[PDB]
>>> print(open('my_file_24.pdb').read())   # PDB, C-alpha atoms
MODEL        1
ATOM      1  CA  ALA A   1     -74.312 -36.618 -80.131  1.00  0.00           C
ATOM      2  CA  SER A   2     -75.103 -35.010 -83.509  1.00  0.00           C
ATOM      3  CA  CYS A   3     -73.905 -32.264 -85.880  1.00  0.00           C
ATOM      4  CA  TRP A   4     -70.630 -31.432 -84.129  1.00  0.00           C
ATOM      5  CA  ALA A   5     -69.892 -28.568 -86.549  1.00  0.00           C
ATOM      6  CA  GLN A   6     -72.843 -26.833 -84.879  1.00  0.00           C
ATOM      7  CA  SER A   7     -70.662 -25.972 -81.853  1.00  0.00           C
ATOM      8  CA  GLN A   8     -68.853 -23.594 -84.235  1.00  0.00           C
ATOM      9  CA  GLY A   9     -71.896 -22.563 -86.316  1.00  0.00           C
ATOM     10  CA  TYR A  10     -71.542 -24.632 -89.520  1.00  0.00           C
ATOM     11  CA  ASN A  11     -74.382 -26.566 -91.220  1.00  0.00           C
ATOM     12  CA  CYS A  12     -74.726 -30.370 -91.545  1.00  0.00           C
ATOM     13  CA  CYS A  13     -74.258 -32.637 -94.579  1.00  0.00           C
ATOM     14  CA  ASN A  14     -77.422 -34.538 -95.557  1.00  0.00           C
ATOM     15  CA  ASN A  15     -76.741 -38.291 -95.369  1.00  0.00           C
ATOM     16  CA  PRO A  16     -73.074 -38.197 -94.337  1.00  0.00           C
ATOM     17  CA  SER A  17     -72.673 -41.922 -95.103  1.00  0.00           C
ATOM     18  CA  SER A  18     -72.488 -40.931 -98.794  1.00  0.00           C
ATOM     19  CA  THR A  19     -70.936 -37.438 -98.821  1.00  0.00           C
ATOM     20  CA  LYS A  20     -67.310 -37.512-100.016  1.00  0.00           C
ATOM     21  CA  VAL A  21     -65.502 -35.562 -97.304  1.00  0.00           C
ATOM     22  CA  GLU A  22     -63.651 -32.529 -98.697  1.00  0.00           C
ATOM     23  CA  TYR A  23     -62.927 -30.975 -95.288  1.00  0.00           C
ATOM     24  CA  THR A  24     -61.043 -32.491 -92.366  1.00  0.00           C
ATOM     25  CA  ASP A  25     -60.330 -30.750 -89.068  1.00  0.00           C
ATOM     26  CA  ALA A  26     -60.707 -31.213 -85.297  1.00  0.00           C
ATOM     27  CA  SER A  27     -64.444 -31.099 -86.095  1.00  0.00           C
ATOM     28  CA  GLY A  28     -64.160 -34.531 -87.703  1.00  0.00           C
ATOM     29  CA  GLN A  29     -64.710 -34.651 -91.450  1.00  0.00           C
ATOM     30  CA  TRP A  30     -66.986 -32.456 -93.563  1.00  0.00           C
ATOM     31  CA  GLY A  31     -68.463 -32.420 -97.071  1.00  0.00           C
ATOM     32  CA  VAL A  32     -68.866 -29.591 -99.606  1.00  0.00           C
ATOM     33  CA  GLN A  33     -72.239 -29.020-101.284  1.00  0.00           C
ATOM     34  CA  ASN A  34     -73.851 -26.001-102.984  1.00  0.00           C
ATOM     35  CA  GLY A  35     -70.538 -24.248-102.241  1.00  0.00           C
ATOM     36  CA  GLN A  36     -71.225 -24.287 -98.483  1.00  0.00           C
ATOM     37  CA  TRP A  37     -69.519 -26.140 -95.633  1.00  0.00           C
ATOM     38  CA  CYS A  38     -71.586 -28.783 -93.850  1.00  0.00           C
ATOM     39  CA  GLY A  39     -70.651 -30.920 -90.821  1.00  0.00           C
ATOM     40  CA  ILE A  40     -70.512 -34.656 -91.585  1.00  0.00           C
ATOM     41  CA  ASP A  41     -71.571 -36.709 -88.554  1.00  0.00           C
ATOM     42  CA  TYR A  42     -72.928 -40.238 -88.077  1.00  0.00           C
ATOM     43  CA  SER A  43     -75.270 -39.217 -85.236  1.00  0.00           C
ATOM     44  CA  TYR A  44     -76.617 -36.551 -87.616  1.00  0.00           C
ATOM     45  CA  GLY A  45     -80.190 -37.798 -88.176  1.00  0.00           C
ATOM     46  CA  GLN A  46     -82.474 -34.917 -87.134  1.00  0.00           C
TER
ENDMDL
END
>>> encode(input="my_file_24.pdb", output="structure tokens")
Amino acid sequence: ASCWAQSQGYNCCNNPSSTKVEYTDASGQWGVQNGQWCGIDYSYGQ
């Protein structure tokens, strides 16, 4: 698995293990950065 937000078309938070989540939906949890939504995922490595 990986960036799950991708299924919808959102970006991905760099290093999600240290990105305070500001979002929270059926897509898991997300983080806000640069004023843009990114998908926070543990399998997000690439």
>>> resolve_selection(input="my_file_24.pdb", expression="the PyMOL selection byres ((chain A and resi 33) around 12)", output="PyMOL selection string")
chain A and resi 11-16+19-23+30-32+34-40
>>> write_last_selection(input="my_file_24.pdb", atoms="C-alpha atoms", output="PDB file, in the coordinates of the input")
ATOM      1  CA  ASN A  11     -74.382 -26.566 -91.220  1.00  0.00           C
ATOM      2  CA  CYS A  12     -74.726 -30.370 -91.545  1.00  0.00           C
ATOM      3  CA  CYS A  13     -74.258 -32.637 -94.579  1.00  0.00           C
ATOM      4  CA  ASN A  14     -77.422 -34.538 -95.557  1.00  0.00           C
ATOM      5  CA  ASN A  15     -76.741 -38.291 -95.369  1.00  0.00           C
ATOM      6  CA  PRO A  16     -73.074 -38.197 -94.337  1.00  0.00           C
ATOM      7  CA  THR A  19     -70.936 -37.438 -98.821  1.00  0.00           C
ATOM      8  CA  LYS A  20     -67.310 -37.512-100.016  1.00  0.00           C
ATOM      9  CA  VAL A  21     -65.502 -35.562 -97.304  1.00  0.00           C
ATOM     10  CA  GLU A  22     -63.651 -32.529 -98.697  1.00  0.00           C
ATOM     11  CA  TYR A  23     -62.927 -30.975 -95.288  1.00  0.00           C
ATOM     12  CA  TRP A  30     -66.986 -32.456 -93.563  1.00  0.00           C
ATOM     13  CA  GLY A  31     -68.463 -32.420 -97.071  1.00  0.00           C
ATOM     14  CA  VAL A  32     -68.866 -29.591 -99.606  1.00  0.00           C
ATOM     15  CA  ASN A  34     -73.851 -26.001-102.984  1.00  0.00           C
ATOM     16  CA  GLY A  35     -70.538 -24.248-102.241  1.00  0.00           C
ATOM     17  CA  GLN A  36     -71.225 -24.287 -98.483  1.00  0.00           C
ATOM     18  CA  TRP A  37     -69.519 -26.140 -95.633  1.00  0.00           C
ATOM     19  CA  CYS A  38     -71.586 -28.783 -93.850  1.00  0.00           C
ATOM     20  CA  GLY A  39     -70.651 -30.920 -90.821  1.00  0.00           C
ATOM     21  CA  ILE A  40     -70.512 -34.656 -91.585  1.00  0.00           C
TER      22      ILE A  40
END
>>> atom_distance(input="my_file_24.pdb", atom1="atom CA of residue 6 of chain A", atom2="atom CA of residue 18 of chain A")
19.8 Å
>>> atom_distance(input="my_file_24.pdb", atom1="atom CA of residue 8 of chain A", atom2="atom CA of residue 25 of chain A")
12.1 Å
>>> axis_aligned_box(input="my_file_24.pdb", around="segment 6-14 of chain A", padding_each_side="4 Å", output="lines of an AutoDock Vina configuration file")
center_x = -73.1
center_y = -28.6
center_z = -88.7
size_x = 16.6
size_y = 20.0
size_z = 21.7
>>> atom_distance(input="my_file_24.pdb", atom1="atom CA of residue 24 of chain A", atom2="atom CA of residue 46 of chain A")
22.2 Å
>>> resolve_selection(input="my_file_24.pdb", expression="the PyMOL selection byres ((chain A and resi 41-43) around 6)", output="ChimeraX atom specification")
/A:1-3,40,44-45
